[PDB]
Amino acid sequence: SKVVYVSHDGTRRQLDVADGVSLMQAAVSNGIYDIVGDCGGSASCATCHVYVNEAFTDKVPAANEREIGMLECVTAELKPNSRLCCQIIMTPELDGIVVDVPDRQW
Ligand code: FES
């Protein structure tokens with residue numbers, strides 16, 4: 001599998017999220033820890049407003065609107081494609097997923 005993050009300006013750092021990890025976990029090292037969420041796997045912040053591709057946000061879980069409530073008033077706008085970086089794992093099923101960065105960074 002593979003995982004590449006993007007920035008609202010294009011800056012995208014590629015990496016490999018082991019199986020059973022979250023783009024946030026691989027972020028602690030890959031450096032996305034700075035270009036990813038903040039509260040971590042937890043869901044109390046809104047800086048993890050990442051904008052993922054349309055073919056990789058499917059394999060991931062279907063986080064209802066529950067966790068969306070806090071991700072609904074984020075500092076930016078959200079769409080069905082956005083996802084709290086602290087709520088998506090990159091299993092061997094998804095490969096070469098394209099994650100993006102919110103319009104802002106809280
Ligand atoms: S990283 Fe804090 S809510 Fe997702």
# chains A, B, ... in the order shown; residues from 1 in each chain; ligands from 1
>>> residues_near_ligand(ligand="ligand 1", cutoff="8 Å", atoms="only C-alpha atoms and all ligand atoms", output="list in words")
residues 24, 36, 37, 38, 39, 40, 41, 42, 43, 44, 45, 46, 47, 48, 49, 70, 71, 84, 85, 86 and 87 of chain A
>>> write_last_selection(atoms="N, CA and C atoms", output="short mmCIF file (atom, residue, chain, number, x, y, z; two decimals), in the first residue's frame")
data_model
loop_
_atom_site.label_atom_id
_atom_site.label_comp_id
_atom_site.auth_asym_id
_atom_site.auth_seq_id
_atom_site.Cartn_x
_atom_site.Cartn_y
_atom_site.Cartn_z
N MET A 24 -2.22 9.59 10.52
CA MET A 24 -1.67 10.40 11.63
C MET A 24 -0.47 9.67 12.24
N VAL A 36 -0.84 17.38 9.49
CA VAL A 36 -1.95 16.42 9.72
C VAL A 36 -2.84 16.93 10.86
N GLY A 37 -3.48 16.05 11.59
CA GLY A 37 -4.37 16.50 12.71
C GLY A 37 -3.51 17.02 13.87
N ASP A 38 -4.07 17.07 15.05
CA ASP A 38 -3.30 17.57 16.22
C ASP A 38 -3.64 16.74 17.46
N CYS A 39 -4.90 16.63 17.80
CA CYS A 39 -5.28 15.84 19.01
C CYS A 39 -4.89 14.38 18.81
N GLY A 40 -4.53 14.00 17.61
CA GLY A 40 -4.13 12.59 17.36
C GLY A 40 -5.36 11.73 17.08
N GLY A 41 -5.22 10.43 17.15
CA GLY A 41 -6.39 9.54 16.88
C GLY A 41 -7.63 10.09 17.57
N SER A 42 -7.46 10.82 18.64
CA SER A 42 -8.64 11.39 19.35
C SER A 42 -9.41 12.30 18.40
N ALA A 43 -10.59 12.71 18.78
CA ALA A 43 -11.40 13.60 17.90
C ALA A 43 -11.86 14.81 18.70
N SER A 44 -10.96 15.70 19.03
CA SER A 44 -11.35 16.90 19.81
C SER A 44 -10.92 18.17 19.07
N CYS A 45 -10.12 18.03 18.05
CA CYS A 45 -9.67 19.23 17.29
C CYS A 45 -10.29 19.22 15.89
N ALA A 46 -9.97 20.21 15.09
CA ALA A 46 -10.54 20.25 13.72
C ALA A 46 -9.41 20.56 12.72
N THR A 47 -8.18 20.46 13.16
CA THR A 47 -7.04 20.74 12.25
C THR A 47 -6.85 19.56 11.29
N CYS A 48 -7.44 18.43 11.60
CA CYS A 48 -7.29 17.25 10.71
C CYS A 48 -8.36 17.28 9.61
N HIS A 49 -8.61 18.44 9.06
CA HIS A 49 -9.61 18.56 7.96
C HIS A 49 -8.92 18.17 6.66
N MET A 70 -18.02 18.01 15.21
CA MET A 70 -16.83 18.84 15.51
C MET A 70 -16.08 19.15 14.21
N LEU A 71 -16.20 18.29 13.24
CA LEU A 71 -15.50 18.53 11.94
C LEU A 71 -16.42 19.33 11.02
N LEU A 84 -11.55 13.26 9.31
CA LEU A 84 -10.63 13.57 10.43
C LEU A 84 -9.41 12.65 10.32
N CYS A 85 -8.28 13.18 9.94
CA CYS A 85 -7.07 12.33 9.80
C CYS A 85 -6.97 11.37 10.98
N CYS A 86 -7.53 11.73 12.10
CA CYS A 86 -7.46 10.84 13.30
C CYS A 86 -8.61 9.83 13.28
N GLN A 87 -9.05 9.42 12.12
CA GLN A 87 -10.18 8.45 12.07
C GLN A 87 -10.12 7.61 10.79
#
>>> residues_around(residues="residue 90 (chain A)", least_positions_apart="5", cutoff="8 Å", atoms="only C-alpha atoms", output="VMD selection string")
chain A and resid 1 3 17 to 23 60 95
>>> residues_around(residues="residue 14 (chain A)", least_positions_apart="2", cutoff="9 Å", atoms="only C-alpha atoms", output="list in words")
residues 2, 3, 4, 5, 6, 12, 16 and 30 of chain A
>>> write_last_selection(atoms="N, CA, C and O atoms", output="CSV table (one decimal), in the first residue's frame")
chain,number,residue,atom,x,y,z
A,2,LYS,N,0.3,2.4,-0.2
A,2,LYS,CA,1.1,3.7,-0.2
A,2,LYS,C,0.2,4.8,0.3
A,2,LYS,O,-1.0,4.7,0.3
A,3,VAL,N,0.8,5.9,0.8
A,3,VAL,CA,0.0,7.0,1.2
A,3,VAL,C,0.8,8.3,1.0
A,3,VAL,O,1.9,8.5,1.4
A,4,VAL,N,0.2,9.2,0.3
A,4,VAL,CA,0.8,10.5,0.0
A,4,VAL,C,0.0,11.7,0.5
A,4,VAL,O,-1.2,11.7,0.2
A,5,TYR,N,0.5,12.6,1.2
A,5,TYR,CA,-0.3,13.7,1.7
A,5,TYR,C,-0.1,14.9,0.8
A,5,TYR,O,0.9,15.1,0.2
A,6,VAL,N,-1.1,15.8,0.8
A,6,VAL,CA,-0.9,17.0,-0.1
A,6,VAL,C,-1.1,18.3,0.8
A,6,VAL,O,-1.6,18.2,1.9
A,12,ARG,N,3.2,18.1,-1.2
A,12,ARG,CA,2.7,16.7,-0.8
A,12,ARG,C,3.9,15.8,-0.4
A,12,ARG,O,4.8,15.7,-1.2
A,16,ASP,N,4.7,5.6,3.4
A,16,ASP,CA,4.1,4.2,3.4
A,16,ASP,C,3.4,3.9,4.8
A,16,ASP,O,4.1,3.7,5.7
A,30,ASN,N,6.9,10.6,9.3
A,30,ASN,CA,6.8,11.2,7.9
A,30,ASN,C,6.9,12.7,7.9
A,30,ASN,O,7.4,13.3,7.0
>>> select_by_dssp(residues="chain A", states="alpha helix (DSSP H)", output="ChimeraX atom specification")
/A:23-30,66-72
>>> write_last_selection(atoms="N, CA, C and O atoms", output="compact mmCIF listing (two decimals), in the first residue's frame")
# COMPACT_ATOMS: atom_id res chain seq x y z
N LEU A 23 -3.06 7.60 8.93
CA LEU A 23 -2.17 8.61 8.29
C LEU A 23 -1.56 9.48 9.39
O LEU A 23 -0.49 10.04 9.24
N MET A 24 -2.22 9.59 10.52
CA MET A 24 -1.67 10.40 11.63
C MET A 24 -0.47 9.67 12.24
O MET A 24 0.57 10.25 12.47
N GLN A 25 -0.61 8.40 12.49
CA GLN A 25 0.53 7.63 13.06
C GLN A 25 1.75 7.81 12.16
O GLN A 25 2.79 8.25 12.59
N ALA A 26 1.62 7.48 10.90
CA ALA A 26 2.77 7.64 9.97
C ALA A 26 3.18 9.11 9.92
O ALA A 26 4.28 9.45 9.52
N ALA A 27 2.31 9.99 10.32
CA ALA A 27 2.64 11.44 10.30
C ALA A 27 3.68 11.77 11.38
O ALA A 27 4.58 12.55 11.17
N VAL A 28 3.55 11.17 12.54
CA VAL A 28 4.53 11.46 13.63
C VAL A 28 5.96 11.44 13.09
O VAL A 28 6.82 12.16 13.56
N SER A 29 6.23 10.61 12.13
CA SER A 29 7.61 10.53 11.57
C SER A 29 7.65 11.17 10.18
O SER A 29 8.37 12.11 9.94
N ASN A 30 6.87 10.64 9.28
CA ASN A 30 6.83 11.18 7.89
C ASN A 30 6.92 12.71 7.92
O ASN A 30 7.39 13.33 6.99
N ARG A 66 -21.67 11.88 13.31
CA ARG A 66 -21.32 12.06 14.75
C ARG A 66 -19.98 12.79 14.86
O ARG A 66 -19.91 13.92 15.31
N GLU A 67 -18.91 12.16 14.46
CA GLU A 67 -17.58 12.82 14.54
C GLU A 67 -17.54 14.02 13.60
O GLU A 67 -16.65 14.85 13.66
N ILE A 68 -18.50 14.12 12.72
CA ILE A 68 -18.52 15.27 11.76
C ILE A 68 -18.94 16.54 12.51
O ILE A 68 -18.51 17.63 12.18
N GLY A 69 -19.77 16.41 13.50
CA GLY A 69 -20.22 17.61 14.26
C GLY A 69 -19.02 18.52 14.54
O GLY A 69 -19.00 19.67 14.15
N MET A 70 -18.02 18.01 15.21
CA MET A 70 -16.83 18.84 15.51
C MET A 70 -16.08 19.15 14.21
O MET A 70 -15.41 20.15 14.09
N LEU A 71 -16.20 18.29 13.24
CA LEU A 71 -15.50 18.53 11.94
C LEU A 71 -16.42 19.33 11.02
O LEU A 71 -16.12 19.55 9.86
N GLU A 72 -17.55 19.77 11.51
CA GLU A 72 -18.48 20.55 10.66
C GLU A 72 -18.22 22.04 10.87
O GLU A 72 -18.41 22.85 9.99
>>> select_by_dssp(residues="region 4-95 of chain A", states="strand (DSSP E or B)", output="VMD selection string")
chain A and resid 4 to 5 14 to 15 22 49 to 51 82 to 84 89
>>> write_last_selection(atoms="C-alpha atoms", output="short mmCIF file (atom, residue, chain, number, x, y, z; two decimals), in the first residue's frame")
data_model
loop_
_atom_site.label_atom_id
_atom_site.label_comp_id
_atom_site.auth_asym_id
_atom_site.auth_seq_id
_atom_site.Cartn_x
_atom_site.Cartn_y
_atom_site.Cartn_z
CA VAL A 4 0.84 10.54 -0.01
CA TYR A 5 -0.31 13.73 1.73
CA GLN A 14 4.83 10.66 0.14
CA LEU A 15 5.19 7.79 2.65
CA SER A 22 -3.56 5.90 10.59
CA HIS A 49 -9.61 18.56 7.96
CA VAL A 50 -7.78 16.59 5.28
CA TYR A 51 -9.25 16.39 1.83
CA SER A 82 -12.95 15.29 3.95
CA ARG A 83 -12.14 13.10 6.97
CA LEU A 84 -10.63 13.57 10.43
CA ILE A 89 -6.45 3.71 8.70
#
>>> closest_residue(among="A:106, A:99, A:61, A:54", to="residue 76 (chain A)", atoms="only C-alpha atoms")
A:106
>>> atom_distance(atom1="CA of residue 98 (chain A)", atom2="CA of residue 34 (chain A)")
17.1 Å
>>> atom_distance(atom1="CA of residue 64 (chain A)", atom2="CA of residue 35 (chain A)")
24.1 Å
>>> atom_distance(atom1="CA of residue 75 (chain A)", atom2="CA of residue 59 (chain A)")
26.4 Å
